[PDB]
Every structure is written in C-alpha cells, then in structure tokens.
Amino acid sequence: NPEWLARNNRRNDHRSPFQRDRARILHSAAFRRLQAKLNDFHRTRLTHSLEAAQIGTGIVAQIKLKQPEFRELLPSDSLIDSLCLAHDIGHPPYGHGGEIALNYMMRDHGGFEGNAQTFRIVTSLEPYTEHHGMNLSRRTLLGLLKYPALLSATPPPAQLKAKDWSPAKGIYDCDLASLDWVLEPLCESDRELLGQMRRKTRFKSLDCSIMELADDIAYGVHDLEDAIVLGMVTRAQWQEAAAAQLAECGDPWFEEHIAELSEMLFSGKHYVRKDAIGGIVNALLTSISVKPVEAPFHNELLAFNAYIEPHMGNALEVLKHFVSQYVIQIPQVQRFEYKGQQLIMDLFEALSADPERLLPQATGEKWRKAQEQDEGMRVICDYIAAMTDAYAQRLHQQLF
Amino acid sequence: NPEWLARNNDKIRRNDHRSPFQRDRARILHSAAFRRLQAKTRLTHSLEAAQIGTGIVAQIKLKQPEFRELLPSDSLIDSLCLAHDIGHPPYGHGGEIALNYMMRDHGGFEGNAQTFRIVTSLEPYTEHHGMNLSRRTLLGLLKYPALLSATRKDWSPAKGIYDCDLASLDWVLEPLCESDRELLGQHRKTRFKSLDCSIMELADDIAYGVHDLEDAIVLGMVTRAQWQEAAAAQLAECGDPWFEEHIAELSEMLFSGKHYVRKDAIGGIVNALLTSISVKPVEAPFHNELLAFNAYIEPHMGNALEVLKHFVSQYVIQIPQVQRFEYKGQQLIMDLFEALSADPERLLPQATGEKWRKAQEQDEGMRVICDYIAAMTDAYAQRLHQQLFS
Ligand code: NI
Ligand code: NI
C-alpha cells in the first residue's frame, strides 16, 4: 500500500521517501549528539549506529539472494539505514544510569524510557518541522516501534537500587496521537494483536526485526576488538568465557573456527583482527532468513520477521553476554553510571523546584505552554534527556 | 611456655634460624597494611614509637634485671609498634566516627578492632589466618581484650574486638586459665592488658606527646606565647622535679630555630620520660606472668606527659583547620558507604564484590564494605568519591 510512504503532514528531488528520511536523520541534532555519547579510541553511539546500518544492508543483500520470494517486501538500503541511524537517538546522558534516574523522577508522570524517547524525538521534539518532528514516512516510524505498546499497558516503592527502577518498554501515552497515526492503515485485528504481551511486548515489523539483528551483531562483535587491545580482557578470560562456550554452542562453523578466531583476535595486528571480526560478522549475517511470525497477522510487514538460525543465535548470545560481562558490567563503567544517575536526579529536583526561573528561556516558554495540560514535567524530562554528559556536568556545576 | 610462640596455623626452611618475633616483624614490614601508613606520617609515628619502645626495654632491663627473661625482645616490641596503627581508617577520627555510625546495626567499627582483624584475617599473607602472627604478638595487640558486645561526638566508638573475630580471639587467649580470662574482660572501658602491650602504649604515648610537638613549633602552629601560658606554666607545677627544674631552658631550646639544639630538648624530654618507667605488678591476681606485670610511668612524670599530650591535642588537632577536614572526611566516608551498600556487586571492585557475595550467606556484607573503606588511604577515598559523585 502507498500509505506506508505517507508523512503526517522540489522538481529535481527524485529521491525515494526513505532516502529523504535518511537525509533528515543524518542532519538532525539528535543524530549529531550521538558523537558525544591515553589512547586513540573514538567509538561512540554514532559509530555503533553506522556499523549497525552497514550490517543491516548486508542482511538485506543476503536475504534478497537466498529468498527471492521476499524481494518486494524487504526494506530498501536507506530504510534499513534510517532505522539503524535512529535506534539510539533517545538515550539519555549516562546510559542506563540516566534512564533509571529520569524514570524514577517521572514515576508519577508516565516514566522515562529510551525507545519511547526515540519515538518522541522523531515524531515531535526534533525541530525539523513545527509540529511533526522529523516528519518521517509511516513505514520508517513503524520500523522504530521495537515495543509497539503504551507504557500504560507494560508500582515500586521504598540510595537507589537499579533493579527496582528499570523502565518498562513502550510508547509514552502523551505520544498516542502519533502512534495512532502510524498504525492507522492496519485492520483492527492486526492492531489489537500488535500490542500483545509475552509486561513485555512480543511483536514488531519485519523492517524492525532486521534492525534488531544488525544492532545485536554490531554490539556483539565491534566492541570486541577494542576490548582486546585496551586490555579489558586477557587471553585467558577469552578462553574460559567466550571461546569455551562457542566451542559448545552447536554451530559447526564456530566450533570449527574458534581456535583460529581466538589466535587472530589476539594477534596484536589490526589487519589480522579485522579478518576475524569480518568472518564472525559474515558468519552471523549469512545465517538470517525471513520466516512467518506465529500470530495470525494480516499485514505483510507484521506477518514476517527475520530470524537468525538458532545455533547461530547461541553464538551471538555468547558474544553479547561476553561484552556485557567484560565491557559494561565492570565497576569502572557502573560507577560512572551511578554518578550520572545522582547527577540527573539533582538536575531534575532543582529544575522542577522552579522551571521558569532556571530553565533556558526557550525551554521555560515550552514549560509554561505545557502547563495548560499539566504536562510540565515531561518538558523538563525532554530537556534533560537531550543533554550530553558534558552539558549535564556544566548545568550541574551552575546549580551545585 | 611455648604455646605463646605458636601460630594459628602450621613450613620453616632449615636455614631460617630466626625467632618467632623476628619473623612476625618481617611479615608486618612486608604487609600492604603497613605500607599504607606512608599515605595516612603514621609510618613515621610508628617507627618513632618502635625506637622509643626498645629504649624502654633496654632501660628497664638495666634497672630491673629480675625481669630480663620476661621483657619483650627488640623484634617483638618492634612488631607491636609497627602494627599498632594498621587499623585506622581514612580521615582518622572523623573516618572512625562515620564508619561506626554506618555500622551501628552490624557490630560497629573501631581502629583497634580493625587492627586485630587485619592481622588475623584480612591481610592475605595466608589463605585463612591473615599474617598468622605468633600468639604473644597477637596478645600484645589487644589493647582492649574484651568483645565490643561487652563494651558497647555521640558516636565515638567503644573499644574492644569485633564479634566476627571471636574465633581468633578465643585462639589467642586459649592457653589462659579461667580466672585470667574472666579478669581480662573486666561506654565501659577495659582495665587490663599484657606487659608487651603496656610498654607499647607508653611508647605510642611518648612519641605522640613529644615528636608531634617539634613540627608544630617550626610549622608555626604554636608560638612561644601560647606555649608558655598553656604547657610551660602547667609543667612548672606538674609535680615532676625534672620538668619543674628544666622547663625554662627547654622552652628556649625549643624556640631556638636551630634544629640540632631543638633535637637536644626533644631528646632530653624523651629520655626523661623513658627513664621514669618501671615494671610493677598489676593490681589483680593474674597467674600468667605476661598479665601479672605491666610497665608503668612514674605518676608525677605521668602528669607531665598528660600536660604534653593535652597541649598537642588542644593546639594541633582541636584547631578549626583540622576539625573541618575531619567533618568533610566523615561526610565523604558516609557517602561512599551509602553508594556501595546501595549496590555492592556493581560498585565494589570485583575481588571485593566476590567477598561481599560470599559474606552474605552469613549476612555479613556490611562488614565487607566496612573493611574495604577502612583500608583506603585518603587519596583513594577521595578519588573513589569523585568517581561516584563529582
Ligand atoms: Ni544499539
Ligand atoms: Ni599511635
């Protein structure tokens, strides 16, 4: 249906709707901010999103070669590009630590969650248009609904514990109008099935399943090289954790190649390590196919997802778990997040103490307008959510 | 009795013919807990106490030969003075107050308790018994030989031994008869201590009294006008003849501005305090010779020392620049404790995170966090605090 190319709102511009979405995302302030989030390491959320985008287009290429039946349905290069460039747009300062703080400070006003924030930025906050954010095409928006339910569908009481305040995932109720618009050309039967729970949503569109696989592959492999050279993991820990589990993961290529992959990763030469990384990436990409979703969805973008081969899934889950155990869940990273969450909570409590007086004037004006609907807190939340770590540190110093 | 020379666990190389106390001294010097005294110096203070301590032993065994066999060897009295201050946390008394408050529902915190816990359990020289020192050395570190359950500015800690260290305290006191053990446990304050520990306490007191006094005068923290009114006048009436006679000159040698003249005044004071110590029997029907005798300073000489100690605390410690530093330190320690106990597994170092997981099977995680903070230097605690809050 051409309704998937429509937007909420030149002669020589012959680009597809998806090429225009990619250009908008590339130009947005929200995208440029991912560059902020004694060595020469510069891996950011922006570089993570470029690598996901390049894996995404490679996944599409492999499916259009092995499954021609689906060549009309698969996303174009710029559509899968657009979903990977945007997937991390909504993340707050200080990663999960920022997210926990904002969610707790919004406990009585809809909460905070990064995927919801991503939806809110592209449909409203990014000022590319006056009233519809980046004003992206409907299918692009559908590809961004990793959790296509409202947070009303998906309380903790009682120094703060991370387990107690991790947000549920979904779409803010204050963005329901833009969600209703995205789901409008769906039959009622597809619409009531899309919000079905496994609370945790179960379903997503085909374009979004591809982006999720590319994101998961990027996270799994492209963090791994610099973890090795920075010394965050030794050869011994790689053998005990990753290599042994990959030798028993059940996929024949990994069981065959792990010994040689481990020697290449610890070669000490970039031109050798990249071939291990390239082979891992390629082994994972070539193991993805589109199969039908186990729900009686009627719309083709919901009736089919891309799935990775299960034994290959175990290998990917070993890699993702490994980067989480030696790159993220280390005290050096977790203290930075604790500090960030203490910082975010300070800014919120001061700024909500008197928003008109302390907010920048343009944000103060948005706060006054929003109080006609008593949604002032969400304005403070958007403002803190769009800060970089450096901007938040500077605001905190001005206040404390 | 050999039992005193024993260690909690059992090989010595055939060519090692050192006494148990020479090996205790070597372990203490090689420990990380000792090396930390350079940051906290407390190491300088402990070397001064050690060298005063052997001075006391030498002078007693010359005036009271009946006790030559009983007095501690040089390496034993060395070990107790080198180890005495191991348990002190960052920020000194302000740190001690904050930790004890954060541990109010879990056994408290106290520096002398921490010292015992480090040498019996925490220092990883052995897998299960810390530095595994000889029993008599351990007995010498028990300035307060009761449990903190018996002895428990409002938060200053009571003094004693942690209940979580009851096993190694029982082991240390095991070769004592019932009557000695029930006499040793006699805020409440303990009354008794071993001979080795009485000599060490005198050495720590003389070193605190005089060697802190020397830098305060050069550093300008005390001028002659306040020295004359507070300490010098009080020493002219303290009842010790040596101080009443020699106070006027010493006061001019102390403000000479020449290091080698000043050393003579300090040296004369220390020797004066040192020669006025003797071994007398303890006022209790103890059977064990190490508990039946203490070293005591002659009472009038004792009053002069308390004039010296009160002057060093009133003009070097109880001054606002130092006290504000202690208020900050205690806010900083409480900050760390609240972040760390908020999520230990994510915030503690992985080795310490592991000890916390193991310790909660006995619901002893709070003591692991307290151990970790107590072992920080000021620079460590300050850098950790910045990682969590600034
Ligand atoms: Ni990602
Ligand atoms: Ni001392």
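Keep in mind that residues are numbered from 1 along each chain as the sequence reads, not by the entry's scheme, and that residues without coordinates are left out. In the order they appear in the text, chains get letters beginning with A and ligands get numbers beginning with 1. Shown here is a subset of chains from a larger assembly, with all values computed for this subset only. Hydrogen atoms and water are omitted, and side-chain values are computed over all heavy atoms in the structure. Residues with missing side-chain atoms are left out of burial classes, side-chain pairs and their counts.

X-ray crystallography is the method the PDB entry states for this structure, with the resolution given as 2.32 Å.

Where the PDB entry is consulted, chain B appears under the name Deoxyguanosinetriphosphate triphosphohydrolase-like protein 1, with the organism given as Vibrio cholerae serotype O1. The deposited PDB record carries the title "Apo Structure of Vibrio cholerae dGTPase protein VC1979". UniProt positions are given in the numbering used here, feature names are shortened, and annotations may be inferred rather than shown by experiment. Taken from UniProt, the Sequence similarities comment for chain B reads in full: "Belongs to the dGTPase family. Type 2 subfamily."

Named according to the PDB entry, chain A is Deoxyguanosinetriphosphate triphosphohydrolase-like protein 1 originating from Vibrio cholerae serotype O1. According to the UniProt record, the Sequence similarities comment for chain A reads "Belongs to the dGTPase family. Type 2 subfamily."

## Concerning the overall build of chain A
Helix and strand labels come from DSSP, where a helix needs a run of H or I of at least four residues and a strand needs a run of E of at least two; each type is numbered from the N terminus. Secondary structure summary: chain A contains 22 helices and 2 strands in total. For a compact globule the rule gives 2.2 Å times the number of residues to the power 0.38, and the radius of gyration it is set against comes from C-alpha atoms. Expected size for 400 residues packed as a compact globule is a radius of gyration near 21 Å; at 22 Å, chain A falls within 12% of this value. By principal-axis analysis of the C-alpha atoms, chain A measures approximately 65 × 50 × 45 Å.

## Concerning the overall build of chain B
Secondary structure assignment for chain B yields 21 helices and 2 strands. For a compact globule of 390 residues, the expected C-alpha radius of gyration is about 21 Å, and chain B comes in at 22 Å, within 12% of that figure. Along the first, second and third principal axes, the C-alpha set of chain B runs to 65 × 55 × 45 Å.

## What about the coordination of the nickel ion (ligand 1)?
The rule for donors is simple: N, O or S, within 2.8 Å of the metal, or within 3.2 Å if the metal is Na, K or Ca. Water isn't counted, so a site may look like it is missing partners. At the metal site, the nickel ion (ligand 1) is ligated by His48(A) (NE2), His87(A) (NE2) and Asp215(A) (OD), and these contacts range over 2.0 to 2.1 Å. Residue classification places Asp215(A) among the buried residues on the basis of a relative accessible area of 12%. Exposed residues in this analysis have more than 50% of their type's maximum accessible area, buried residues have under 20%, and partly exposed residues fall in between, with area computed by a 1.4 Å probe over protein chains only.

## A closer look at the coordination of the nickel ion (ligand 2)
All names here are of chain B. The nickel ion (ligand 2) binds to the protein through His45 (NE2), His84 (NE2), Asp204 (OD) and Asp204 (OD), with metal-donor distances spanning 1.9 to 2.3 Å. Seen from the nickel ion (ligand 2), its 4 donor atoms lie at angles of 60 to 123°, and the figure they make is irregular. In terms of burial, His84 and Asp204 fall into one category: buried. Donor angles set the geometry label: tetrahedral for four donors if every angle is between 85 and 135 degrees, square planar for four and octahedral for six if opposite donors exceed 155 degrees and the others are between 65 and 115, irregular for anything else.

## Regarding the packing of helix α6 (residues 111-122) of chain B against helix α20 (residues 365-374) of chain B
Residues and elements named next belong to chain B. Axis geometry follows a simple rule: fit a line to the C-alpha atoms, using only the stretch in contact for helices, then measure angles between N-to-C directions, giving values from 0 to 180 degrees. In contact at an axis separation of 12 Å, α6 and α20 are set at 105° when each is read in the N-to-C sense. Taken together, the axis directions place α6 and α20 in an arrangement best described as roughly perpendicular. Here α6 contributes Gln114, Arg117 and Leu122 to the contact with α20, which in turn contributes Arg367, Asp371 and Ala374. Partitioned by chemical class, the residues of the contact of α6 with α20 number 2 nonpolar, 1 polar and 3 charged. Orientation categories follow fixed angle ranges, with anything under 35 degrees roughly parallel, anything over 145 roughly antiparallel, 65 to 115 roughly perpendicular, and all other angles oblique. Contacts are assigned to residue pairs with any non-hydrogen atoms lying within 4.5 Å of each other. Polarity classes work like this: nonpolar for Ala, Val, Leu, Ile, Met, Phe, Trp, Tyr, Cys and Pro, charged for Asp, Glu, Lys and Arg, and polar for all others, with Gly in that last group.

## Topic: the interface of chain A and chain B
Each partner contributes residues to the interface: chain A has 12 residues there, and chain B has 15 residues. Among the elements that make up the side of chain A that touches chain B, the one with the highest residue count is helix α18 (residues 331-351) of chain A (6 residues). Here the side of chain A that touches chain B is composed, by residue class, of 6 nonpolar, 4 polar and 2 charged.

## Quick look at the packing of helix α6 (residues 114-125) of chain A against helix α21 (residues 376-385) of chain A
Residues and elements named next belong to chain A. One can describe the packing of α6 onto α21 by two numbers: an axis separation of 12 Å at closest approach and a directional angle of 100°. The angle between α6 and α21 falls in the class roughly perpendicular. Taken together, the residues of α21 that come into contact with α6 (itself represented by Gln117, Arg120 and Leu125) are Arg378, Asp382 and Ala385. Residues that form the contact of α6 with α21 fall into these classes: 2 nonpolar, 1 polar and 3 charged.

## Considering the pairing of strand β2 (residues 304-308) of chain A
Residue and element names in this part refer to chain A. Within β2, 4 of the 5 residues are buried, which leaves the element mostly enclosed by the surrounding structure. A pair of strands is labelled paired if DSSP reports no fewer than 2 bridges between them. Here strand β1 (residues 288-292) runs beside β2; their pairing, made up of 5 bridges, is antiparallel. Counted as the bridge partner of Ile288 is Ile308 from β2.

## With respect to unusual backbone geometry
Of note, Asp374(A) is a non-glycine position whose phi angle comes to about 55°, a positive value. Residue placement: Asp374(A) occurs in the loop between α20 (361-370) and α21. A positive phi angle, near 55°, is found at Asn132(B), a position not held by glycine. Topologically, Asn132(B) is positioned in the loop between α6 and α7 (135-141).

## Focus: the nonpolar core
Core analysis: the biggest nonpolar cluster contains 90 residues, and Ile56(B), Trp227(B), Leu235(B) and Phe286(B) have the highest contact counts within it. Those residues in contact with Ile56(B), other than ones at most four positions away along the chain, are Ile199(B), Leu202(B), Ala203(B), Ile206(B), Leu274(B) and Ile277(B). Grouped together as the second largest cluster of nonpolar side chains are 88 residues, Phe70(A), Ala86(A), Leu141(A) and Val293(A) included. Definition used in this section: a nonpolar core is a set of buried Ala, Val, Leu, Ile, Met, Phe, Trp, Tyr and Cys residues joined via side-chain atoms within 4.5 Å.

## Some words on the pattern of salt bridges
For salt bridges, the criterion is a side-chain nitrogen of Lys or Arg within 4 Å of an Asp or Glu carboxyl oxygen. Tallied over the full model, the rule gives 30 salt bridges over all chains. Residue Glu212(A) is joined to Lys204(A) by a salt bridge in which the shortest nitrogen-to-oxygen separation is 3.0 Å. Across the pair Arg42(B) and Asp85(B) runs a salt bridge whose closest N-O atoms are separated by 2.9 Å. Residue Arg42(B) is found in helix α3 (residues 42-63), and its partner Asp85(B) is found in the loop between α4 (74-83) and α5 (92-102); the two are separated by 43 residues along the sequence. As far as burial versus exposure is concerned, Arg42(B) and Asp85(B) are alike and both buried. Put simply, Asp13(A), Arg15(A) and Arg20(A) are held in one network by salt bridges that share partners.

## Comments concerning the side chain of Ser75(B)
Here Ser75(B) lies in helix α4. The contact partners of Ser75(B), leaving out residues within four places of it in the chain, are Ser19(B), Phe21(B), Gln22(B) and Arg25(B).

## Topic: the environment of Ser205(A)
Residue and element names in this part refer to chain A. By secondary structure assignment, the location of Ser205 is in the loop between α10 (188-194) and α11 (206-222). Judged by its relative accessible area of 1%, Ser205 is buried. The spatial distance from the C-alpha of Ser205 to the C-alpha of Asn305 is 6.7 Å, given a sequence separation of 100 residues. The residues contacting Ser205, other than those within four sequence positions of it, are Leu142, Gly143, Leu301, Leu302 and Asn305.

## Topic: helix α1 (residues 17-27) of chain A
Residues spaced three or four apart along an α-helix point in a common direction, a consequence of the helix completing one turn every 3.6 residues. All names here are of chain A. Among the residues making up α1, those that are buried are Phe18, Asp21, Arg24 and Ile25. In an axial view of α1, the angular spread of the buried residues amounts to 115°, which keeps them on one side of the axis. Each element contacted by the buried residues of α1 is listed here: α2 (29-32), α4 (77-86) and α7 (138-143). What the arc describes is the spread of directions from the helix axis to the C-beta atoms.

## Examining the side chain of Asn135(A)
Residue and element names in this part refer to chain A. Along the chain, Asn135 turns up in the loop between α6 and α7. Residue class for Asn135 comes out buried when judged on its relative accessible area of 7%. In this structure the side chain of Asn135 is engaged in a polar contact, spanning 3.4 Å, whose partner is the backbone nitrogen of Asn9. Sequence-distant contacts of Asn135, defined by excluding residues within four places in its chain, comprise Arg7, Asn8, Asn9, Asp21, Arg24, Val122 and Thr129. Pairs of N or O atoms are called polar contacts if they sit within 3.5 Å, as long as, within protein, a hydrogen donor faces a hydrogen acceptor (for residues adjacent in sequence, only side-chain-to-side-chain pairs).

## Observations concerning the packing of aromatic side chains
Residue and element names in this part refer to chain A. In this scheme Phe, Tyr and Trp rings, the latter by its six-membered ring, pair at centre separations within 6.5 Å, and the angle between planes marks the pair as stacked below 30 degrees, edge-to-face above 60, and tilted otherwise. Summed over the entire model, instances satisfying the criterion amount to 17 aromatic pairs over all chains. Joined through ring pairs, the aromatic side chains of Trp238, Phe322 and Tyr326 make up one cluster. The ring of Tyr104 has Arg107 lying over it, and the distance from NZ or CZ to the ring centre is 4.0 Å. Two conditions define a charge located above a ring, namely a distance within 6 Å from the ring centre to NZ of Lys or CZ of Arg, and an angle within 35 degrees of the ring normal.

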